[PDB]
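In what follows, chains carry the letters A, B, and so on, assigned in the order in which the sequence lines appear, proteins first and then strands, with residues in each chain numbered from 1. Scope of the values below: all heavy atoms of this structure, side chains included, with no hydrogens, waters or symmetry mates.
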Amino acid sequence: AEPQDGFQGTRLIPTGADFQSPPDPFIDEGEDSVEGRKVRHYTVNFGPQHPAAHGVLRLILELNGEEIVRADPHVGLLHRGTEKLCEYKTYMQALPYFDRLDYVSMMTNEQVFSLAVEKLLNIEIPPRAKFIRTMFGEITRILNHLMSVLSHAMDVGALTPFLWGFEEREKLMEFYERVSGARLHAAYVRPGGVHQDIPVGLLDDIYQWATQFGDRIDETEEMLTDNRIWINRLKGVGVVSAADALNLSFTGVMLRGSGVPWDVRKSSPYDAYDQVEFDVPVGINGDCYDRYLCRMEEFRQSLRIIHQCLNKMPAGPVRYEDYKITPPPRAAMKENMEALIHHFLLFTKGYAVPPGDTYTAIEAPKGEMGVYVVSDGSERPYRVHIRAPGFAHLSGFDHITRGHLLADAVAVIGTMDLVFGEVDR
Amino acid sequence: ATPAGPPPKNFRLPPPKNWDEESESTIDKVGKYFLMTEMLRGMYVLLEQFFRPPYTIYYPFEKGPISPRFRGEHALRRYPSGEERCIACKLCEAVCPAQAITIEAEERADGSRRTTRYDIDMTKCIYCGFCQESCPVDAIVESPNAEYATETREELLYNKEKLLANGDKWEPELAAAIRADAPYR
Amino acid sequence: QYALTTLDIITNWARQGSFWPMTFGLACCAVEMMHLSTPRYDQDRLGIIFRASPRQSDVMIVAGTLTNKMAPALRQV
Amino acid sequence: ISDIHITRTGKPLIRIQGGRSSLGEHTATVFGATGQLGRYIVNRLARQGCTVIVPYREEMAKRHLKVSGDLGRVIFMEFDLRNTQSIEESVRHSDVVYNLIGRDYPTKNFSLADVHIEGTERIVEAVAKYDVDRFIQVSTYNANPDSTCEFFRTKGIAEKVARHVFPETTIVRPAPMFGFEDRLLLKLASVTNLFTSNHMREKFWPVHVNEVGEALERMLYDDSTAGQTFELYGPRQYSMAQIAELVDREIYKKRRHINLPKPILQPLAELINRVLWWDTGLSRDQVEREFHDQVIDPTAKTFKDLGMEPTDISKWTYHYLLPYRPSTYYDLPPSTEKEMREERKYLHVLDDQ
Amino acid sequence: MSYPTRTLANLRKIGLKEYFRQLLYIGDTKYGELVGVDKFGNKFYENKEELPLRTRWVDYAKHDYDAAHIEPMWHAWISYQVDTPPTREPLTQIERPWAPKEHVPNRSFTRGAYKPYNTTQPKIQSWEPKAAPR
Amino acid sequence: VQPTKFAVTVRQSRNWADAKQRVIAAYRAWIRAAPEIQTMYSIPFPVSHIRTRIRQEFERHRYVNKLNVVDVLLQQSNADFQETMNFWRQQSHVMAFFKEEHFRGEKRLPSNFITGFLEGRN
Amino acid sequence: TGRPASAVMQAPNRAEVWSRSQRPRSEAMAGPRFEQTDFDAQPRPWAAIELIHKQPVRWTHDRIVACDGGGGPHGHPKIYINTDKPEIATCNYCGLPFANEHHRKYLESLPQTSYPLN
Ligand SMILES: NC(=O)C1=CN([C@@H]2O[C@H](COP(=O)(O)OP(=O)(O)OC[C@H]3O[C@@H](n4cnc5c(N)ncnc54)[C@H](OP(=O)(O)O)[C@@H]3O)[C@@H](O)[C@H]2O)C=CC1
Ligand code: SF4
Ligand code: SF4
Ligand SMILES: [Zn+2]
């Protein structure tokens, strides 16, 4: 009989406090005396004006000398109301909003929204689209790890690998511009497949880059992996146990670094990841050094997947073949009545999506990215909620940093793959 | 943590090894420590790069590569006769994810369906190509041009005059880019 | 007159030759901005050095979406 | 006070009152808007959605004015006061023109008469050629063409020229204004030593620059302010010494004035102005100006006529000078016995670190 | 980064005057075959033995060189968007009497900067008052 | 408390007696903090003027007779109090709370019918 | 705000507006924002209405004529135009004029036509 039952406050609702069980005491392991003197902490604001590791980050820390007492990240400096805007857009019009969430991982961001909409559309995309999206997925994973690992290396003082690897970014950004017409915000992966087919000379150009990328990974490992300064900066820093990582909502490398073998591409396969072979790097100490080694090995497995996609690329259409969902080819639209109508309706009204809801998750470069979409049967989504892995990771910053040195905070900010378009949305 | 079923073979790590049991000689261990062998190896890598060709190009005398699909400055196009391609369908105004296009239209003096206002707010536009994809006559296109930074924000409020002039200037690129990519569109 | 133009040329040559931006890298535009310091374009070849604090900087590059929550910080720097 | 304003020449202005995007309907030119006071009139007009024409000399100096208005509202024009084409290109579209052009010192290029008398005369002649509705001419307190002081004198003739060419000229006589970026409160609060040949005994009624800017806006709205004259001053008379007392009382620093005598300081003030290239706050006609004492005309409209009540400068020293009071831990007054006792509840060194 | 043998060779192929002039704008010692000239007077060169993306380059006609001075179709060529230079490009030969005759550079920061305006009439027209006589 | 400086765990009130104590407790903390609020945001008003605003905010909700609604208002008050006493708010946020500092005034609605009509709906 | 011909002419090839809601350039480029400006530098594309009417009539004997703009996939959607009325038929996309040969003598009789006829 809520909420009038609350008008006069009967039957308080049970909290988690009302279910605290006393531990079993048998097996439970857990004057002007100067010991009673209190210690005053000083509270320091870090960011966003004063330089931080990266992004729009106001990090408010309570310190005891050099040690972190409380860590309090203030976010929303990049909260742009993306989730509300999506309710005033068609599904086509909302797709570019996903490029701008994790804005170094554009195609996998648009991949997760395409898969969720495809699920409510009840359509199976063509095999060539599946292989193109998987291929661009691992190209985007390398682009992300190049940004993440190297800028994390640059934050702790290692200038040079960032320069070397961003030329690799330039080469892979050319592939993004060749398929779409953009360096970053491709809007390439759409529900139904991909916008347009790849130009006839792209696969060989990707292959030529693939023959030399292993050396680029190796030269990066020459400066960091065995370097004793790098090890002393990362080993034993930002430790989280396997049990707490699950309870903190950690996904991806932040979870696999603590020993849990789990990859969304393996557990719930999507696109063509069931048709490709790859290994999952897993750490054992749950620290920044293990997470660095997992990400370096993910470079090699991504390249290994890309080579398989180059050889397994099938022929056929790249867009689902129903002009009620995907736009017809321009020659069809100018030729026959049916195609022109379907072109007109898809670009003014949009396609109608059957009502319902779904939670769809992928293994994004920064961990489990998910999207929760509610369809009301119309051409605009009723609700779009985005699950960003960086949001859960930064929410754990206090748990992993309390009691530790202020001089290790830059290491764990970089060990979390943190882009604040993901965090704030 | 592990999947249901029996533990994966050899998932449990063997017990830690004591200092005594390390399979590495003292002289090698002491030598690497005092001589900093892995740091010397990393320095040697830099000298190898010091004698490799740099990747730098000398912009604006040289330019980076762009594709026929590249999405830059907007333009309004004509037919070979010079008639406007635009017929005020409003498909680009409806699909626009950022509401950057504003259009008004009536019958022209000759009775043709044409626009009277065609504005693009370049400070609202997200450069996604949706208008160019939605246009049934190839009227709105994105040119390859990207070098049009302006002194004032008002210079980025393009009206129909600015857009038709852009199409007149850039038409040979616009036709070449359409020529190369139209088979894939 | 000619003297004052000469100092004008000299003082302007120094402002162009050492162009030090304070990159307020708010979002994805900062990624393209970050690619100007990389080997392909190498802004350092022209004298551009990115600076972390506004005190050492001559130019502010606002590269990103400015939210209301963030605007007071931008005005402060 | 309404959605309709009818201008002197009859134009009806149907106005949508609001903020940045609204329709104020007025087109205004503000000469000398790049100075201390020009920011408060330009800001007030632009944020009502009025079009403000800003003639400028230095580009980097006027950059802050654009923020006031919506797109297309603040318009900049390159101008020289001896380029007539530039003055009347800046004015031919306006229905109100503010003349805020003044200078307390002579320069190599402009005598006080060149910038004030000849300056006004070119602007006022442009106003009459295009039939601008309201020409508000800003002047000085003590403006009198019979004064020995060239400042007051050249502000006197320019009043007479403006009223002759354009009889409906509105003359505004502000007293020395304080406020943000003023030359009263911060000048006292900042310079280590002042060369004042009168022991800071000149008296006047300081008025907030904000209220002068607001007053200028209020004359635009009422057609009854045309052909009028406005002395604009604060409630209470002060002297440079008494205001310096307030300044010192707020920044915890002691003022020190050398006070060289007039026959020696005045020629030196001339030399410094002819060899240094900036406003030194010191010049021959400025030393003479400090012996004069602001005398308020009794036959001139005041803030009363505009519905305003000026605030006293002592209400504003703390606000405007707060960022100049030291806040180092070294400077707090001694700890109370309450403070001495609580310190013994804390450890004051980390021995483990 | 030229290297000694590259710079020494290009010096011999170009001479010291040209070498120093090239050092005054591009800051390198480049030599190649003249591909063509655009309407503004920019000269375009090709050399396929250069480093990738450095095989095409422009010598600007104007001392205050700006990237917007490049003729449209040449802009595609130098950015590797096409391989056929405008000298052999048939789409540059279609006669458009409306096409701008002189080159259009970026006009920002000058008095030729584009001024936007409403291109339509007011949506509402007030009555024109006509006081009927008594 | 434990999470951050002025953090109050969200709890329902048991009864109207419980709610009244919290409301008076919330008011007491607010008007006590008024001297600190002035010097912490350099507010150009006296503590008297600030403390009046506190009472009016509590008086807009004096007539609430629903327990669940009170719990909502109490949670809002704690959230506003924490973000004020922690220097999380900026001077722009606190200054916007004082309705006098808007350039169109504080009497932002017409006094009566004829003043609003003559100006054009206010 | 405009004396020169670029500031008055609606287009280089047409003085007058070609739609009723079109703002005349003389009023559009007037006001304070156009004071210190070069007017020849402003974008002034040619009027499309004047150019299409220089196109000669494409004569045909067939009653129905297809038009797609002539670029194949690079033109407009293919439509079919009826030439049975004794007048010049115009494509509703590209404005191209079409006429049947049956009406040539009456169209040649007409004092002035919308299209050159030759
Ligand atoms: N401030 C005060 O206490 C008092 C001021 N007044 C009068 O109030 C008005 C505004 O005062 P305030 O804003 O404080 O003065 P400022 O000195 O701050 O600004 C004066 C303005 O005049 C312009 N100007 C000066 N000389 C010339 C010139 N030769 N040609 C063109 N422009 C010129 C300046 O432009 P630029 O920045 O380019 O130099 C500047 O914008 C002036 O008329 C002044 O005389 C009178 C009594 C008291
Ligand atoms: S540009 Fe194309 S899509 Fe937009 S109104 Fe013109 S014809 Fe229609
Ligand atoms: S590019 Fe995208 S955002 Fe810009 S006008 Fe075209 S549809 Fe709108
Ligand atoms: Zn046609």
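- In this structure, the side chains of G:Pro45 and B:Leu163 stay at 4.5 Å or more apart for every pair of heavy atoms.
- In G:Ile64, the CD1 atom is not crowded: 12 or fewer heavy atoms of neighbouring residues, nucleotides or ligands sit closer than 6.0 Å.
- The contact between B:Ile178 and chain G is made by backbone and side chain atoms together, counting heavy-atom distances below 4.5 Å.
- Taking every heavy atom of both residues into account, B:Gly82 and G:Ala48 meet most closely at O-CB, 3.7 Å.
- Around the CE atom of B:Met122, the shell of radius 6.0 Å holds more than 12 heavy atoms that belong to other residues, nucleotides or ligands.
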Using only the distance criterion (under 3.5 Å, no hydrogens considered), which donor-acceptor pairs connect chain G with chain B?
residue, atom, partner, partner atom, Å
G:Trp18, O, B:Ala109, N, 2.9
G:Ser19, OG, B:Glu106, OE2, 3.3
G:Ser19, OG, B:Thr116, OG1, 3.4
G:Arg20, N, B:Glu106, OE2, 3.2
G:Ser21, N, B:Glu106, OE2, 2.9
G:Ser21, OG, B:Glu106, OE1, 2.3
G:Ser21, OG, B:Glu106, OE2, 2.7
G:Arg25, NH2, B:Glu161, OE1, 3.4
G:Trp46, O, B:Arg78, NH1, 3.3
G:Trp46, O, B:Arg78, NH2, 3.1
G:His74, O, B:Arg85, NH1, 3.0
G:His74, O, B:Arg85, NH2, 3.2
G:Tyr93, O, B:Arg114, NH2, 2.8

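- Among residue pairs with one or both ends in residues 95-106 of chain G, those qualifying as salt bridge (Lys or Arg N to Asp or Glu O under 4.0 Å) are G:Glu101-G:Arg104; sequence neighbours excluded.
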